[PDB]
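Notes for the one structure printed next.
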Amino acid sequence: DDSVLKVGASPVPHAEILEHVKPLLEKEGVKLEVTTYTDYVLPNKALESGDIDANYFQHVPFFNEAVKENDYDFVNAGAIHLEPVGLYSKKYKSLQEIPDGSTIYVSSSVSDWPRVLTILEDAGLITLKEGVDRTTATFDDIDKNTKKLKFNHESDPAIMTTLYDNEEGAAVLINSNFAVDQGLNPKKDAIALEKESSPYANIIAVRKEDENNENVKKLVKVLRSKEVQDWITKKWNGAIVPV
Ligand code: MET
Ligand SMILES: [Cl-]
């Protein structure tokens with residue numbers, strides 16, 4: 001069954017986008033089988049064990065960290081979409097209202113830390129030290145901390161919606177895939193949104209030996225086609241941004 005392509009994906013939008021393109025791939029002779037995963041670890045582990053042939057869930061900075069940490073022999077088969085990341089809160093309508101010494105919750109995924117840092121910088125609430133390596137920025141790079149905010153980075157990315165829902169902290173950084181699955185719209189519900197999300201394009205990742213796989217190329221080409229990208233835009237109202 002070399003006509004069958006097994007793809008690991010996040011629930012929303014990723015798995016939904018995959019289900020929507022299935023008929024387009026079938027007209028091309030490719031049988032797409034989706035495995036939906038609820039976390040950011042098992043899709044990579046599954047790709048390495050051969051349980052799946054590709055995955056669709058992670059951005060390049062995540063991917064790079066994961067390849068280096070795990071010695072995964074993977075390749076990027078191509079960028080599909082962007083998820084501009086939000087800070088969410090049930091307490092404050094704006095970051096400018098947060099009392100000093102309040103906690104900002106972020107996940108333990110280090111590759112998202114520079115995103116929260118750009119939002120706070122744009123909001124005028126922190127500055128970064130001269131000679132920060134902005135590609136790998138962390139909380140230790142903060143020079144001015146205007147509202148003297150604390151950052152908790154212990155939680156798994158998959159529980160960030162619970163922290164929000166339970167009113168923990170002044171605000172919470174939630175990846176859009178989890179936000180959208182719980183019924184939050186980043187464009188309407190977030191109190192601040194990432195201004196430039198292009199470094200965080202979500203990719204199709206595969207094993208190195210499948211780097212020239214014809215079924216994979218067909219998947220990437222269908223996911224980047226104009227009809228599909230317009231569909232993605234209309235489905236989530238611009239919260240999910242096609243490349
Ligand atoms: C596993 S890296 C985070 C991926 C998530 N869909 C985002 O773009 O923020
Ligand atoms: Cl690309």
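Convention: chains lettered A, B, ... in structure tokens order; per-chain residue numbering from 1; ligands numbered from 1 as shown.
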Within 9 Å of ligand 1 (counting only C-alpha atoms and all ligand atoms), which residues show up? I'd like them as a ChimeraX atom specification. /A:10,12-14,39-41,56-63,81-85,109,111-112,157,174-178,197,200-202
Among segment 116-192 of chain A, which residues does DSSP mark as strand (DSSP E) when it is run on the backbone? Keep the chain and numbering as in the structure and answer as a ChimeraX atom specification. /A:126-128,142-145,150-155,171-174,192
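For ligand 2, the set of protein, DNA and RNA residues within 8 Å, based on only C-alpha atoms and all ligand atoms, reads residues 76, 77, 78, 79, 80 and 203 of chain A.
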Query - DSSP helix (DSSP H, G or I) residues within segment 65-237 of chain A, as number ranges by chain - result: A: 65-70, 95-97, 110-122, 134-136, 139-141, 157-165, 176-181, 186-189, 198-200, 208-210, 214-224, 226-235
Dump of C-alpha atoms for the selected residues, as a PDB file, in the first residue's frame:
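out12.pdb, freshly written:
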```
ATOM      1  CA  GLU A  65      15.141  22.331  18.620  1.00  0.00           C
ATOM      2  CA  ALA A  66      13.450  18.924  18.399  1.00  0.00           C
ATOM      3  CA  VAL A  67      15.835  17.601  15.743  1.00  0.00           C
ATOM      4  CA  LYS A  68      18.875  18.714  17.800  1.00  0.00           C
ATOM      5  CA  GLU A  69      17.570  17.462  21.150  1.00  0.00           C
ATOM      6  CA  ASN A  70      16.399  14.051  19.867  1.00  0.00           C
ATOM      7  CA  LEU A  95      -1.626  44.443  28.793  1.00  0.00           C
ATOM      8  CA  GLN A  96      -1.356  48.173  29.902  1.00  0.00           C
ATOM      9  CA  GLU A  97      -3.768  47.451  32.809  1.00  0.00           C
ATOM     10  CA  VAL A 110      11.414  27.462  24.594  1.00  0.00           C
ATOM     11  CA  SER A 111      10.984  28.207  20.863  1.00  0.00           C
ATOM     12  CA  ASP A 112       7.786  30.175  21.616  1.00  0.00           C
ATOM     13  CA  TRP A 113       9.524  32.375  24.261  1.00  0.00           C
ATOM     14  CA  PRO A 114      10.694  34.997  21.723  1.00  0.00           C
ATOM     15  CA  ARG A 115       7.100  35.447  20.552  1.00  0.00           C
ATOM     16  CA  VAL A 116       5.838  36.528  24.005  1.00  0.00           C
ATOM     17  CA  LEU A 117       8.934  38.761  24.244  1.00  0.00           C
ATOM     18  CA  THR A 118       8.098  40.532  20.926  1.00  0.00           C
ATOM     19  CA  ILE A 119       4.475  41.159  22.038  1.00  0.00           C
ATOM     20  CA  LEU A 120       5.724  42.765  25.374  1.00  0.00           C
ATOM     21  CA  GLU A 121       8.380  44.778  23.525  1.00  0.00           C
ATOM     22  CA  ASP A 122       5.796  46.066  20.999  1.00  0.00           C
ATOM     23  CA  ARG A 134      16.954  37.510  19.143  1.00  0.00           C
ATOM     24  CA  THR A 135      16.660  34.162  17.324  1.00  0.00           C
ATOM     25  CA  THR A 136      16.930  32.389  20.680  1.00  0.00           C
ATOM     26  CA  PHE A 139      13.457  35.903  29.782  1.00  0.00           C
ATOM     27  CA  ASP A 140      17.043  36.303  30.937  1.00  0.00           C
ATOM     28  CA  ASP A 141      17.604  38.656  27.952  1.00  0.00           C
ATOM     29  CA  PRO A 157       1.577  23.755  25.796  1.00  0.00           C
ATOM     30  CA  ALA A 158      -1.463  21.447  25.744  1.00  0.00           C
ATOM     31  CA  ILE A 159      -2.738  22.829  29.208  1.00  0.00           C
ATOM     32  CA  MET A 160      -2.411  26.578  28.473  1.00  0.00           C
ATOM     33  CA  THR A 161      -6.188  26.831  27.784  1.00  0.00           C
ATOM     34  CA  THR A 162      -6.854  25.428  31.268  1.00  0.00           C
ATOM     35  CA  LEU A 163      -4.669  28.098  32.902  1.00  0.00           C
ATOM     36  CA  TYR A 164      -6.672  30.701  30.956  1.00  0.00           C
ATOM     37  CA  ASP A 165      -9.965  29.120  31.803  1.00  0.00           C
ATOM     38  CA  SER A 176      -3.656  29.136  18.175  1.00  0.00           C
ATOM     39  CA  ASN A 177      -4.265  25.481  17.425  1.00  0.00           C
ATOM     40  CA  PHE A 178      -5.275  24.900  21.103  1.00  0.00           C
ATOM     41  CA  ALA A 179      -7.077  28.282  21.266  1.00  0.00           C
ATOM     42  CA  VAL A 180      -9.145  27.637  18.220  1.00  0.00           C
ATOM     43  CA  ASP A 181     -10.055  24.101  19.389  1.00  0.00           C
ATOM     44  CA  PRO A 186      -7.166  34.995  18.223  1.00  0.00           C
ATOM     45  CA  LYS A 187      -8.265  37.969  16.110  1.00  0.00           C
ATOM     46  CA  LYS A 188     -11.232  38.654  18.423  1.00  0.00           C
ATOM     47  CA  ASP A 189     -10.356  37.277  21.937  1.00  0.00           C
ATOM     48  CA  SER A 198       6.506  34.513   9.355  1.00  0.00           C
ATOM     49  CA  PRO A 199       9.323  32.721  11.237  1.00  0.00           C
ATOM     50  CA  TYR A 200       6.634  30.426  12.740  1.00  0.00           C
ATOM     51  CA  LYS A 208      15.141  12.143   5.461  1.00  0.00           C
ATOM     52  CA  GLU A 209      14.743   9.098   3.244  1.00  0.00           C
ATOM     53  CA  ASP A 210      11.273  10.280   2.172  1.00  0.00           C
ATOM     54  CA  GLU A 214       6.113  11.677  -4.661  1.00  0.00           C
ATOM     55  CA  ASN A 215       3.130  11.285  -2.281  1.00  0.00           C
ATOM     56  CA  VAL A 216       4.631  13.883   0.061  1.00  0.00           C
ATOM     57  CA  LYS A 217       5.264  16.331  -2.772  1.00  0.00           C
ATOM     58  CA  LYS A 218       1.642  15.909  -3.893  1.00  0.00           C
ATOM     59  CA  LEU A 219       0.427  16.663  -0.311  1.00  0.00           C
ATOM     60  CA  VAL A 220       2.508  19.844  -0.023  1.00  0.00           C
ATOM     61  CA  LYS A 221       1.466  21.058  -3.465  1.00  0.00           C
ATOM     62  CA  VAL A 222      -2.311  20.526  -2.686  1.00  0.00           C
ATOM     63  CA  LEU A 223      -1.977  22.233   0.755  1.00  0.00           C
ATOM     64  CA  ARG A 224      -0.340  25.270  -0.947  1.00  0.00           C
ATOM     65  CA  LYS A 226      -4.797  28.701  -4.178  1.00  0.00           C
ATOM     66  CA  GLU A 227      -8.247  27.016  -3.676  1.00  0.00           C
ATOM     67  CA  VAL A 228      -7.064  25.424  -0.444  1.00  0.00           C
ATOM     68  CA  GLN A 229      -5.289  28.534   0.903  1.00  0.00           C
ATOM     69  CA  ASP A 230      -8.459  30.653   0.239  1.00  0.00           C
ATOM     70  CA  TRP A 231     -10.477  28.002   2.006  1.00  0.00           C
ATOM     71  CA  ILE A 232      -8.163  28.093   5.018  1.00  0.00           C
ATOM     72  CA  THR A 233      -8.502  31.943   5.196  1.00  0.00           C
ATOM     73  CA  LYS A 234     -12.340  31.858   5.062  1.00  0.00           C
ATOM     74  CA  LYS A 235     -12.711  28.911   7.544  1.00  0.00           C
TER      75      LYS A 235
END
```
note - atom CA of residue 17 of chain A and atom CA of residue 30 of chain A are separated by 15.8 Å
For residue 46 of chain A, the closest of A:125, A:206, A:190, A:240 counting only C-alpha atoms is A:206
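Nearest residue to residue 50 of chain A, choosing from A:153, A:129, A:6, A:195 and counting only C-alpha atoms: A:6.
Near residue 94 of chain A, within 10 Å and counting only C-alpha atoms, sit residues 87, 88, 89, 123, 171, 190, 191 and 192 of chain A; same-chain residues fewer than 5 positions away were not included.
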Dump N, CA, C and O atoms for the selected residues as a short mmCIF file (atom, residue, chain, number, x, y, z; two decimals), in the first residue's frame?
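Wrote it out as out.cif, contents follow:
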```cif
data_model
loop_
_atom_site.label_atom_id
_atom_site.label_comp_id
_atom_site.auth_asym_id
_atom_site.auth_seq_id
_atom_site.Cartn_x
_atom_site.Cartn_y
_atom_site.Cartn_z
N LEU A 87 -1.83 36.56 23.53
CA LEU A 87 -1.97 36.56 25.00
C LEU A 87 -3.45 36.70 25.28
O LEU A 87 -4.16 37.56 24.66
N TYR A 88 -3.93 35.87 26.19
CA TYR A 88 -5.36 35.82 26.50
C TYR A 88 -5.52 36.04 28.02
O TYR A 88 -4.67 35.64 28.84
N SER A 89 -6.63 36.63 28.42
CA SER A 89 -6.88 36.86 29.84
C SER A 89 -8.38 37.02 30.07
O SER A 89 -9.05 37.56 29.20
N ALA A 123 4.36 46.21 22.95
CA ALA A 123 3.42 46.86 23.87
C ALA A 123 4.15 47.92 24.72
O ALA A 123 3.52 48.56 25.53
N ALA A 171 -2.21 36.98 32.39
CA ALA A 171 -2.40 36.60 30.99
C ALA A 171 -1.69 35.31 30.68
O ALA A 171 -0.72 34.97 31.37
N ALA A 190 -7.97 37.51 21.88
CA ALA A 190 -6.66 37.86 22.47
C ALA A 190 -6.54 39.36 22.85
O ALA A 190 -7.05 40.21 22.15
N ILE A 191 -5.86 39.67 23.96
CA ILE A 191 -5.63 41.07 24.38
C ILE A 191 -4.40 41.68 23.70
O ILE A 191 -4.28 42.88 23.60
N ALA A 192 -3.50 40.84 23.18
CA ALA A 192 -2.37 41.30 22.31
C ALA A 192 -2.06 40.12 21.35
O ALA A 192 -2.15 38.92 21.72
#
```
